Amino acid sequence: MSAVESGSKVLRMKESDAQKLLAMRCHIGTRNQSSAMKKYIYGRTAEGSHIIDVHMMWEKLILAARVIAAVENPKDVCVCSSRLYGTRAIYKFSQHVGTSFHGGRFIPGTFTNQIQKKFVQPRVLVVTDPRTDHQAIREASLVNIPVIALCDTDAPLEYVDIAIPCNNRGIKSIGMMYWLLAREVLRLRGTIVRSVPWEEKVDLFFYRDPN
Amino acid sequence: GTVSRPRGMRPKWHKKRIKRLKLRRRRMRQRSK
Amino acid sequence: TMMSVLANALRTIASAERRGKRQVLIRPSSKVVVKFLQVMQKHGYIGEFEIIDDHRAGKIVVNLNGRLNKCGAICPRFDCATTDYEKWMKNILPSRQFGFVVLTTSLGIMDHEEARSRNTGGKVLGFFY
Amino acid sequence: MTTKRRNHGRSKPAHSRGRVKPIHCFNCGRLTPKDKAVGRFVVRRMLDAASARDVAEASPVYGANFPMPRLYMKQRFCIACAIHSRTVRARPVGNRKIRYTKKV
Amino acid sequence: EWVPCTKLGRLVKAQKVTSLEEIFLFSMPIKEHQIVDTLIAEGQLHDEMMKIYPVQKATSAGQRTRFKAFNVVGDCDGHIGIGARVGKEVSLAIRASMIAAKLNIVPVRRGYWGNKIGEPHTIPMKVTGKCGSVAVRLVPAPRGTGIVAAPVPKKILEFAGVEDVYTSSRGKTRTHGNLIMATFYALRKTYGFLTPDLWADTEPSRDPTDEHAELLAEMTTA
Amino acid sequence: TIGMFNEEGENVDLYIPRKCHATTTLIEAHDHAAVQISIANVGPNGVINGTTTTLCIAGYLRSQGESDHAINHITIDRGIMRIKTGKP
Amino acid sequence: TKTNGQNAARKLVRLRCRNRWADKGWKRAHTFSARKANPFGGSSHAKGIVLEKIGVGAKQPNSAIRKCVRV
Amino acid sequence: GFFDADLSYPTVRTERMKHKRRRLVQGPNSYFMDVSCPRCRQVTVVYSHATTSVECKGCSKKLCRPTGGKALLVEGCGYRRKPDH
Amino acid sequence: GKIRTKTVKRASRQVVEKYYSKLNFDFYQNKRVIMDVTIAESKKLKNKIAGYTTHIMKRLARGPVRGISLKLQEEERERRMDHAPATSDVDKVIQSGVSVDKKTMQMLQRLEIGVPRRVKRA
RNA sequence: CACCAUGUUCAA
RNA sequence: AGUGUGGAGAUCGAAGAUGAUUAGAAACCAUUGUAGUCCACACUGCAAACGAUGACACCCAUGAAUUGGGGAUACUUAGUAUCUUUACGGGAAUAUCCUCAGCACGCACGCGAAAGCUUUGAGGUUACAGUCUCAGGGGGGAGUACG
Ligand SMILES: [K+]
Ligand SMILES: [K+]
Ligand SMILES: [K+]
Ligand SMILES: [K+]
Ligand SMILES: [K+]
Ligand SMILES: [K+]
Ligand SMILES: [Mg+2]
Ligand SMILES: [Mg+2]
Ligand SMILES: [Mg+2]
Ligand SMILES: [Mg+2]
Ligand SMILES: [Mg+2]
Ligand SMILES: [Mg+2]
Ligand SMILES: [Mg+2]
Ligand SMILES: [Mg+2]
Ligand SMILES: [Mg+2]
Ligand code: NA
Ligand code: NA
Ligand code: NA
Ligand code: NA
Ligand code: NA
Ligand code: NA
Ligand code: NA
Numbered sequence: 001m002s003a004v005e006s007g008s009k010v011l012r013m014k015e016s017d018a019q020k021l022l023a024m025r026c027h028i029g030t031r032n033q034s035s036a037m038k039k040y041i042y043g044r045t046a047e048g049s050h051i052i053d054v055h056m057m058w059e060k061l062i063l064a065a066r067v068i069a070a071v072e073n074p075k076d077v078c079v080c081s082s083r084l085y086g087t088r089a090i091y092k093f094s095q096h097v098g099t100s101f102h103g104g105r106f107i108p109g110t111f112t113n114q115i116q117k118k119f120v121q122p123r124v125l126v127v128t129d130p131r132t133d134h135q136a137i138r139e140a141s142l143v144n145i146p147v148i149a150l151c152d153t154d155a156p157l158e159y160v161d162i163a164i165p166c167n168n169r170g171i172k173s174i175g176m177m178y179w180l181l182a183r184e185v186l187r188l189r190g191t192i193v194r195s196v197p198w199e200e201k202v203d204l205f206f207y208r209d210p211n
Numbered sequence: 002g003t004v005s006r007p008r009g010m011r012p013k014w015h016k017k018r019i020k021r022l023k024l025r026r027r028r029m030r031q032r033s034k
Numbered sequence: 002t003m004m005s006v007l008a009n010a011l012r013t014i015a016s017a018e019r020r021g022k023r024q025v026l027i028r029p030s031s032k033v034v035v036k037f038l039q040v041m042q043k044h045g046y047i048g049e050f051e052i053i054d055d056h057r058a059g060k061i062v063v064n065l066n067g068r069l070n071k072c073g074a075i076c077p078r079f080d081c082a083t084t085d086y087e088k089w090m091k092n093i094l095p096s097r098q099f100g101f102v103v104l105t106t107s108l109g110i111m112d113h114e115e116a117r118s119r120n121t122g123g124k125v126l127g128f129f130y
Numbered sequence: 001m002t003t004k005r006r007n008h009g010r011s012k013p014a015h016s017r018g019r020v021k022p023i024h025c026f027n028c029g030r031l032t033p034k035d036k037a038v039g040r041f042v043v044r045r046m047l048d049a050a051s052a053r054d055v056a057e058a059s060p061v062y063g064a065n066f067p068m069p070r071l072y073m074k075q076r077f078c079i080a081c082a083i084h085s086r087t088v089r090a091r092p093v094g095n096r097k098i099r100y101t102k103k104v
Numbered sequence: 044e045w046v047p048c049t050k051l052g053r054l055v056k057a058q059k060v061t062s063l064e065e066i067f068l069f070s071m072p073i074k075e076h077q078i079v080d081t082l083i084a085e086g087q088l089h090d091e092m093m094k095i096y097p098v099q100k101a102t103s104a105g106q107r108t109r110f111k112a113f114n115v116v117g118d119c120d121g122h123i124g125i126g127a128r129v130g131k132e133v134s135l136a137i138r139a140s141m142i143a144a145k146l147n148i149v150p151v152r153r154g155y156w157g158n159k160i161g162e163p164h165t166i167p168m169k170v171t172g173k174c175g176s177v178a179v180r181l182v183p184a185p186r187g188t189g190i191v192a193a194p195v196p197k198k199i200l201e202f203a204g205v206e207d208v209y210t211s212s213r214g215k216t217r218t219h220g221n222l223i224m225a226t227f228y229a230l231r232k233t234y235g236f237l238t239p240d241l242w243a244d245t246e247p248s249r250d251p252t253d254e255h256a257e258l259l260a261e262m263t264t265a
Numbered sequence: 003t004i005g006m007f008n009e010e011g012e013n014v015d016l017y018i019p020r021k022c023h024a025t026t027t028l029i030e031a032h033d034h035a036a037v038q039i040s041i042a043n044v045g046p047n048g049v050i051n052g053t054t055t056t057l058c059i060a061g062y063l064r065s066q067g068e069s070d071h072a073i074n075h076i077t078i079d080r081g082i083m084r085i086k087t088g089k090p
Numbered sequence: 002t003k004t005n006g007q008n009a010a011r012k013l014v015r016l017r018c019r020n021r022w023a024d025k026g027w028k029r030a031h032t033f034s035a036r037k038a039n040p041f042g043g044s045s046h047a048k049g050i051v052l053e054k055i056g057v058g059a060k061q062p063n064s065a066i067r068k069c070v071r072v
Numbered sequence: 002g003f004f005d006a007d008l009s010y011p012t013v014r015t016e017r018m019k020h021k022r023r024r025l026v027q028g029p030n031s032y033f034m035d036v037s038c039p040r041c042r043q044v045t046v047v048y049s050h051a052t053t054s055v056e057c058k059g060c061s062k063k064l065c066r067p068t069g070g071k072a073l074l075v076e077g078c079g080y081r082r083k084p085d086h
Numbered sequence: 002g003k004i005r006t007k008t009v010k011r012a013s014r015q016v017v018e019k020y021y022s023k024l025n026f027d028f029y030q031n032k033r034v035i036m037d038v039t040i041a042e043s044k045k046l047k048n049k050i051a052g053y054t055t056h057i058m059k060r061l062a063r064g065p066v067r068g069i070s071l072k073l074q075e076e077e078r079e080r081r082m083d084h085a086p087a088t089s090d091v092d093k094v095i096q097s098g099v100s101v102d103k104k105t106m107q108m109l110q111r112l113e114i115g116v117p118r119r120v121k122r123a
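Each protein sequence line maps, in turn, to chains SB, Ln, SJ, Sb, SF, SY, SP, Sc and SV. Per the deposited numbering: the first sequence = residues 1 to 211. Per the deposited numbering: the second sequence = residues 2 to 34. Per the deposited numbering: the third sequence = residues 2 to 130. Per the deposited numbering: the fourth sequence = residues 1 to 104. Per the deposited numbering: the fifth sequence = residues 44 to 265. Per the deposited numbering: the sixth sequence = residues 3 to 90. Per the deposited numbering: the seventh sequence = residues 2 to 72. Per the deposited numbering: the eighth sequence = residues 2 to 86. Per the deposited numbering: the ninth sequence = residues 2 to 123.
Below you can see the structure in the form of structure tokens.
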């Protein structure tokens, strides 16, 4: 969603943004293609791994950021994760953006069981993988909740509305996509300026062994 | 048990019993003719 | 084999509308097919459509909006009088407020509302709503 | 009554072929179609571990360098004979669909 | 005596949502039956017990008998609600099914047969609704026709607010559990049919839980 | 201008349902899968303004798995997403 | 499934003619085997002379004797 | 976001994949070549999918071999694809 | 059969959460602590709770135990994860040179921004 | 893989 | 399977014989064994002759495969290798992509009383109409009686 009414190129991907994506291997697929995600794939490497279009990745990333930045009251944007590789990422993302999050097993009925005493009614749902976060997506389909999902090459896109084509498997790749998303949401507000680079480090978004 | 309730003997054996009945009826008409 | 070309065309358009498609390819095409499509177009039920010439029975690509619920062909043609217009809206049309019965008449292919105003009967071609 | 298997118990689709010649069951000799029968290819040792050790100890030719021969049989079973011998068991309705393409 | 457990219920109690049409417009589920109590004027909402019948589960010692109750709710002005519940007691099943009836409240579109004179009297188009094998088809009828329907569909069509209709039924209509829901499904279809009247583009609206987001945060906070 | 009207001009309709922005499908009151996504409008600088642009998607489109493709089509149509990169 | 031709009325007439005989009510009203077997001869009532009195044991699960006569 | 397919104006990639009859407009799959006699250097026009063994008019030499698909040209010959139109 | 029922296990998990500092690795001193920090009609259950609290403590000394939440341990371990390296990891990869495959460089060349400066083929 | 047949009529 | 006439007759084996089992048991089990089983010519036309699913035509979402033939190595065009190789050999098989035809598997609508079906419909049907044809009308009597 880099295109704006004035025609300005402010939200377009710069050279610094592309370098961060390439270093963390956020453009690497899973060698297993999907019909819903076929468009986002630029091509296939010699070893079979699929390559994600970086223009299409950035267009979808800004679209999700503009949707998250359009929520006047945060904490009703839920960032869910089940892989445990995005548990520190969604925790750090919620620290800066100010959203709700839930790592680990999604307790069924969290969005539908109204007497649960742990019952929440978010407006936007953000998940790290449609396959592993299928429980959260299934409940959102019963309570009118749009879904923003970090989707790989083989992701199923049922009940997900904004799919970010990304590498949601590696520790470093997940941290960057949540770092880039958090940075852009803050930039879309008045929190930080576009010219000065963000002081917060992507290393705080990486997953660490409990040992 | 592959079939449902027959409500009778086995249909194959009822068909054979009918088969033999027709044989003896056509032999009784032959001797009168 | 294929016996009715209009029946095949209207089943293809109706199927595409149920599936939410924005376009549909029709093969083959005839004068009756194009005249029928133009009647739906003049009432806003379909968008622009384009006829491709292949030196054979042509093909049509129809741009579909979401306004068409169902179109279909009535077989056989079932000749209709001016007094039978009410009986055909009662049978095949969802309401007396919307939807059209297309007939072929001596004055051309037209909907039942136009044919009734022209005071002409004809043979029932199909419907759309 | 109701169709238990889309397979119908045999490896014969509707328009694949008409007739498959039957085989004699390994155990009782019942004539069952070759695609329907429960086929197992077994490779059996001629002697068990203790018996092989005693025979290989007395064998000039057999030992660690040269292995003992095995028995290779393709066994095809009637459905009744395969269930009774427990080479195959009844399964839950959900578990009925799972197939193994290689010996495990 | 009512403590809302949902954002919609909190808005309804705070008089920020004042009509069922805001809920209907934004497709929000109703999880509390007290939302319908507030948003329907006093005396407008009527209830009626459609069907009660026992259902049995065979057990090791005899059998277990429970009761399934069908309730119809409606203001006779375009709102209908059908809810079925099972209880160990007839009275318990009856109370639970009144709650379920309010929770399943839907809007009904009423139109005209011929001239658009006065208030709408009939459904706008032919609609069918299927439950099990039972399908109920409602056909628009001229003024003064009345509800030409079986006594079970007729009661539901009276609560929905339609005056004239032609009704046909097929399947095992003596299965009144399916016949009650088939009539209800046909009335729900009235607002899903795209008529040339609704072809125009409508401007976007703000979700009630979006517009009053800052109010709803402070309710949970304090 | 939208809805069922009288001969006296009164609007007969109880309410006017939302229409899906990809299939022109009336969104029913009891589907509970239809969503409404508001995209923030961004000024000449990176900061957004108070205005937003909202899309309505019917719940059947999301169950098919085609709501992601539909939003791609709409946001490109409204000039929000760029269909391809420019010349280097 | 059935025929739908414009000039296929002869086939549709024979179809109904042949298949009406499968209706037990229709076949009974259009054949004379029911009237020839009916003692009343197609009439509502008929007079008679009593021969003897008989008691019929009612079918299960009922257990009674129904008074009857041969006429 | 990518480009949505157009039914009346298919892209090069999708039209190239299609079968010649399944194409949007029917068309041939064959062509003609200018093949020269290996021992004559005399040019004859040879059909790409020729099923009859084409001979050099002067040489009387087999210039192609029948196949289930495209014709197999003789060794030592030179060919150029003639323009279709 | 000597399984601790859920009443004993829940109560012994509550005691460890509330009096972790006072507890120990021995049954007899822990049982003394359980005696005054608990109200129960039965001495046997207090004995079974003291046995399982000691089992929890021996489990806690080896590593974290599910169902036990100690705020002092959580905050101290959280501060450890909050520490960041002197230089960012993504930077170190860029200064060391980002290597891409053949297909990735073709896409980069087609980009409007071109290939980034510190990007090379593999 | 020895042999293992049967249960009066209605109604709880 | 059965019939007729010629062969053939190893195995198996209706009928039959003998031995077991059994309360009984020319039943299951055992040993045999006639007609058959096999062939030529001529009859018969009775199958759970089944996908319990008539034929022709159109549309129809996804992933991994498989058999035969080919082609290549709302964007103006997007690679790739391996093994054998003095004569049914300018070879054979592989790999990748596409394509037509065939048998299918795990399957998005939709349908269905359900089980389930789903480009292989049982879908596109009360929003009922592409064409043709066969059959059914509660269970029996009965596919019986008569001709
Ligand atoms: K099945
Ligand atoms: K075949
Ligand atoms: K067969
Ligand atoms: K007895
Ligand atoms: K023998
Ligand atoms: K006969
Ligand atoms: Mg059984
Ligand atoms: Mg069974
Ligand atoms: Mg049966
Ligand atoms: Mg013979
Ligand atoms: Mg024997
Ligand atoms: Mg037959
Ligand atoms: Mg049949
Ligand atoms: Mg019909
Ligand atoms: Mg009958
Ligand atoms: Na089998
Ligand atoms: Na009685
Ligand atoms: Na009796
Ligand atoms: Na009795
Ligand atoms: Na016995
Ligand atoms: Na079969
Ligand atoms: Na083949």
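The beta carbon of each residue, even a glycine, is placed where N, CA and C say it ideally should be.
**OP:** Taking residue 55 of chain SY and residue 40 of chain SY to be in contact with their CB atoms under 8 Å, please state how far apart those CB atoms are, rounded to whole angstroms.
**Re:** As a position in the sixth sequence, residue 55 of chain SY is number 53, starting the count at 1. As a position in the sixth sequence, residue 40 of chain SY is number 38, starting the count at 1. That belief holds up - the Cβ atoms of residue 55 of chain SY and residue 40 of chain SY are roughly 7 Å apart, short of 8 Å.
Subject >> Buried or exposed by the 16-neighbour rule on C-beta atoms within 10 Å, applied to residue 110 of chain SV >> reply: The sequence position of residue 110 of chain SV within the ninth sequence is 109, counting from 1. Burial call: exposed.
**OP:** For chain SY, find out if any of its Cβ atoms is closer than 9 Å to the Cβ of residue 35 of chain SV; answer yes or no.
**Re:** Within the ninth sequence, residue 35 of chain SV is the residue found at index 34, counting from 1. False, the Cβ-Cβ gap to chain SY never drops below 9 Å.
Original post:
Which full runs of the alpha helix (DSSP H) of 4+ residues lie inside the region 99-155 of chain SB, going along the chain?
Top reply: 134-140
Original post:
Grouping DSSP H, G and I as helix and E and B as strand, with all else coil, what is residue 90 of chain SV?
Top reply: If you number the ninth sequence from 1, residue 90 of chain SV lands on position 89. If DSSP states are grouped into helix, strand and coil, residue 90 of chain SV belongs with the helices.
Subject >> Residues near residue 56 of chain Sc in its chain [Cβ-Cβ closer than 7 Å; skip 5 each side] >> reply: As a first step, residue 56 of chain Sc must be located in the eighth sequence, where it is residue number 55. Same-chain partners within the cutoff: 62, 63, 64.
**OP:** Spatial neighbours of residue 250 of chain SF within its chain, please: CB distance less than 6 Å, with the 5 preceding and 5 following residues excluded, ordered by chain position.
**Re:** On the fifth sequence, residue 250 of chain SF is found 207 positions in, with the first residue counted as 1. If we look at residue 250 of chain SF and ignore the five residues flanking it on each side, its Cβ neighbours are 69.
**OP:** Kindly identify the DSSP beta-bridge partner or partners of residue 41 of chain Sb.
**Re:** Here residue 41 of chain Sb refers to the residue found at position 41 of the fourth sequence. Beta-bridge pairing links residue 41 of chain Sb to Sb:74.
Original post:
Measuring CA to CA, which of SJ:94, SJ:59, SJ:45 is closest to residue 239 of chain SF?
Top reply: Indexing the fifth sequence from 1 puts residue 239 of chain SF at position 196. Residue SJ:45 is the option with its Cα nearest to residue 239 of chain SF.
Original post:
Between the region 50-75 of chain SB and chain SF, which residues of the former have CB atoms less than 7 Å from a CB of the latter, in chain order?
Top reply: 72, 73
Original post:
Between the Cα of residue 153 of chain SF and the Cα atoms of SF:244, SF:236, SF:259, which residue gives the shortest distance?
Top reply: Residue 153 of chain SF sits at position 110 when you count from the first residue of the fifth sequence. Residue 153 of chain SF has its Cα closest to that of SF:236, out of SF:244, SF:236, SF:259.
**OP:** Kindly say whether residue 39 of chain SB, judged by its beta-carbon, lies nearer than 9 Å to any beta-carbon of chain Sc.
**Re:** Counted from its first residue, the first sequence places residue 39 of chain SB at position 39. Interface residue, yes.
Original post:
Which residues in chain SY sit within 8 Å of residue 112 of chain SV, going by Cβ to Cβ distance?
Top reply: Taking the first residue of the ninth sequence as position 1, residue 112 of chain SV is located at position 111. What residue 112 of chain SV touches in chain SY: 87, 90.
**OP:** Look up residue 32 of chain SP in the DSSP assignment and say whether it is helix, strand or coil.
**Re:** Sequence index remark: in the seventh sequence, residue 32 of chain SP carries index 31 (1-based). Coil at residue 32 of chain SP, not helix or strand.
**OP:** Could you tell me which uninterrupted beta strand (DSSP E) segments, each at least 3 residues in length, are contained entirely in the region 34-97 of chain SB, listed from first to last along the chain?
**Re:** 41-44, 50-52, 77-81
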